[PDB]
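In what follows, a structure is listed as structure tokens, so that the remarks can point back to it.
Note that each Cβ is placed from the backbone with ideal geometry, even for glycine, and that neighbours are counted across all protein chains shown. Please treat every number below as a calculation from the coordinates, not as lab data.
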Ligand SMILES: [K+]
Ligand SMILES: [K+]
């Protein structure tokens with residue numbers, strides 16, 4: 001009813017070019033008011049895209065994007081109000097050769113004072129011109145060679161391992177990845193990671209100079225982290241032995257779908273993780289029984305293949321008794337927005353959207369009185385509630401501008417009087433926006449970001465340092481001048497995937513290290529706990545194996561099943577006996593509304609929460625390419641993928657976080 005006369009329109013010029021995107025925004029509270037939102041696209045004399053303007057900024061004579069191309073329409077130079085200015089160029093072979101980023105302006109001209117220049121080097125003739133190295137140089141500083149590739153030859157030794165023509169040695173920002181063996185099916189059977197020595201010091205940086213691997217191997221720490229894989233005839237992975245010797249095993253059905261999975265801890269016997277897994281005709285998971293006897297049943301809508309039911313239960317005849325642990329029921333609008341959710345065990349979440357399918361209202365429950373939402377998790381409710389009066393109902397309202405910037409989250413919890421409003425202050429010349437506690441003046445928002453559009457201050461006392469590639473380097477949590485600061489640093493591989501996280505807090509010093517490897521998280525705590533987290537699935541089931549510092553209250557090699565919702569948010573942790581360990585509910589944009597557990601000690605070992613992503617101690621969710629602020633409803637930096645999902649480079653899953661999920665950030 002709210003959607004009458006709200007189509008999507010594309011307006012063309014006389015040469016088949018889309019010069020206008022027209023939407024029609026209508027709020028359910030004011031159904032007589034329809035805002036015509038117009039996005040403008042201007043094309044040049046050569047028929048290529050030159051300018052793009054959102055409905056908001058166009059009114060203020062500011063251009064979201066400007067492009068300058070070659071004679072074929074390939075973009076060379078870009079001006080972004082969100083991502084700053086950039087310059088790229090590819091060669092005649094189509095390969096990237098240069099990318100200059102983090103450029104601003106002011107005085108009129110472009111400010112190159114902090115420009116980052118990444119260049120790509122390839123094998124020269126008579127070689128096939130394979131990738132040779134990647135060089136990275138910040139303005140005024142020396143160039144570092146951040147990547148180097150080494151390829152195997154034609155020797156019988158190399159052929160027997162199927163390595164001929166393969167990049168056998170990859171030197172990245174973290175150190176070295178060696179490919180030891182390749183399957184007959186072209187799949188890696190053995191890879192080994194070596195870390196650069198002293199990655200604990202944030203000032204030590206990779207720099208692979210020259211063409212001698214002997215001189216480089218000396219810069220690597222001694223430990224070798226080898227992941228071994230065994231694949232089937234169709235190239236699918238069957239077994240995996242991680243760097244510490246644990247094995248994951250899978251088996252597929254007659255249709256080649258994952259049908260069972262097992263785990264064999266080092267020195268242990270094989271045990272069932274997933275016993276049986278059935279699928280719908282559309283290949284969606286239907287019934288999934290785990291080793292804890294717990295059964296998840298997925299119910300789908302016949303006409304649409306939409307997931308309308310998620311039922312996790314201890315079935316009849318279970319050793320711990322029959323019980324429905326979770327029974328999520330989804331009701332959708334004809335377009336597929338989640339209108340409502342129910343859980344059987346009365347509780348109900350209701351949702352209202354605008355004609356653009358932006359979430360404008362959300363009802364739910366929280367443990368009241370929690371207090372005003374921030375970067376922190378609520379204190380866990382221990383033990384598990386027996387009564388539901390412990391929860392109170394809340395209603396949140398969401399307010400967006402013409403460019404999709406979430407400006408306001410109005411939290412209303414009347415009964416416990418837990419009422420507050422989270423305001424986001426948006427720039428008047430960009431999509432850059434921060435919480436009002438940082439500034440309430442639109443004119444001061446842009447200074448709080450880099451030229452690339454990466455946020456420099458998380459909260460009031462907390463600053464953000466970034467890598468030249470735009471990766472998050474350091475979160476300064478408690479600054480103490482000189483020179484003992486509560487902080488958390490990060491390291492990434494050549495693919496910009498996180499490999500290392502180091503948290504430091506003053507007490508000599510509490511240091512928490514997290515090493516991310518295939519199917520494995522190696523977490524140490526000093527100031528000593530040595531924890532190895534086996535990640536099973538792709539991550540669904542997690543196993544906690546202590547080599548040292550196992551706390552009382554938790555048995556070693558503890559298996560934790562995770563049970564999610566529609567958008568993959570970890571809601572229930574359940575042990576090997578099928579007993580609920582923790583339960584967690586989320587505000588639509590990620591904040592934790594409910595956090596409960598059967599013990600205080602088991603709470604500290606859940607890291608993955610919203611959208612199946614890890615929440616770091618900083619409060620940020622790490623998605624892969626970008627960090628997410630669940631309290632501000634937006635990304636911490638501009639989309640590195642650019643305009644693939646609209647002009648707004650900060651907008652979070654198109655402002656519909658109940659239907660949509662983001663896999664990486666990018
Ligand atoms: K519509
Ligand atoms: K061979």
Residue 539 passes all but one of (1) farther than 30 Å from residue 649 by Cα; (2) surrounded by fewer than 18 Cβ atoms within 10 Å (Cβ to Cβ); (3) in contact with a helix residue (DSSP H, G or I) (Cβ under 8 Å, 6 or more places away or on another chain); which number fails? (1)
Is it true that some residue in the range 86-99 is touching a strand residue (DSSP E or B) at 6+ places or on another chain (Cβ under 7 Å) and within 16 Å of ligand 1 (Cβ to nearest atom)? no
Go through the range 157-188 and give me each residue that's over 19 Å from residue 230 (Cβ atoms) and within 16 Å of ligand 2 (Cβ to nearest atom). 157, 158, 159, 164, 165, 168
Failed criterion for residue 128 (all others in (1) within 16 Å of ligand 2 (Cβ to nearest atom); (2) surrounded by fewer than 18 Cβ atoms within 10 Å (Cβ to Cβ); (3) over 31 Å from the mean Cα position of the chain (by Cα) hold): (1)
Criterion: in contact with a helix residue (DSSP H, G or I) (Cβ under 9 Å, 6 or more places away or on another chain), outside any loop (DSSP other than H, G, I, E, B) and away from ligand 1 (no atom under 16 Å from the Cβ) - qualifying residue of 67, 40: 40
Of the residues 85, 74, only one is within 30 Å of residue 43 (Cα to Cα) and either surrounded by fewer than 14 Cβ atoms within 10 Å (Cβ to Cβ) or within 16 Å of ligand 2 (Cβ to nearest atom) (or both); which? 74
Please verify whether the range 303-314 includes one or more residues that are part of a loop (DSSP other than H, G, I, E, B) and surrounded by 14 or more Cβ atoms within 10 Å (Cβ to Cβ). yes
Within the range 472-488, identify whether any single residue is in contact with a helix residue (DSSP H, G or I) (Cβ under 9 Å, 6 or more places away or on another chain) and assigned to a strand (DSSP E or B), and answer yes or no. no
What are the residues in the range 604-655 that are at positive phi and either touching a strand residue (DSSP E or B) at 6+ places or on another chain (Cβ under 9 Å) or assigned to a loop (DSSP other than H, G, I, E, B) (or both), if any? 611, 612, 619, 624, 633, 642, 646, 654, 655
Looking only at the range 189-203, decide whether some residue is within 16 Å of ligand 2 (Cβ to nearest atom) and touching a strand residue (DSSP E or B) at 6+ places or on another chain (Cβ under 9 Å). yes
Look through the range 1-19, keep the residues that are assigned to a loop (DSSP other than H, G, I, E, B) and more than 10 Å from ligand 1 (Cβ to nearest atom), and return whichever of them is nearest to residue 362 (Cα to Cα). 1
Within the range 156-187, how many residues are over 28 Å from the mean Cα position of the chain (by Cα) and over 30 Å from residue 467 (Cα atoms)? 17
How many residues does the range 106-122 hold that are surrounded by fewer than 16 Cβ atoms within 10 Å (Cβ to Cβ) and more than 21 Å from residue 467 (Cα to Cα)? 4
From 234, 215, 243, residue being outside any strand (DSSP E or B), more than 29 Å from the chain's Cα centre (by Cα) and within 30 Å of residue 277 (Cβ to Cβ): 234
Tally of residues being within 16 Å of ligand 1 (Cβ to nearest atom) and over 20 Å from residue 1 (Cβ atoms) across the range 20-36: 2
Of all the strands (runs of 3 or more DSSP E) wholly in the range 387-458, which have at least 2 residues that are closer than 26 Å to residue 469 by Cβ and in contact with a helix residue (DSSP H, G or I) (Cβ under 8 Å, 6 or more places away or on another chain)? none
Kindly establish whether residue 154 is within 16 Å of ligand 2 (Cβ to nearest atom), part of a loop (DSSP other than H, G, I, E, B) and on the phi > 0 side of the Ramachandran plot. no
Expected single match for outside any helix (DSSP H, G or I), over 26 Å from residue 451 (Cα atoms) and away from ligand 1 (no atom under 16 Å from the Cβ) among 142, 162 is 162
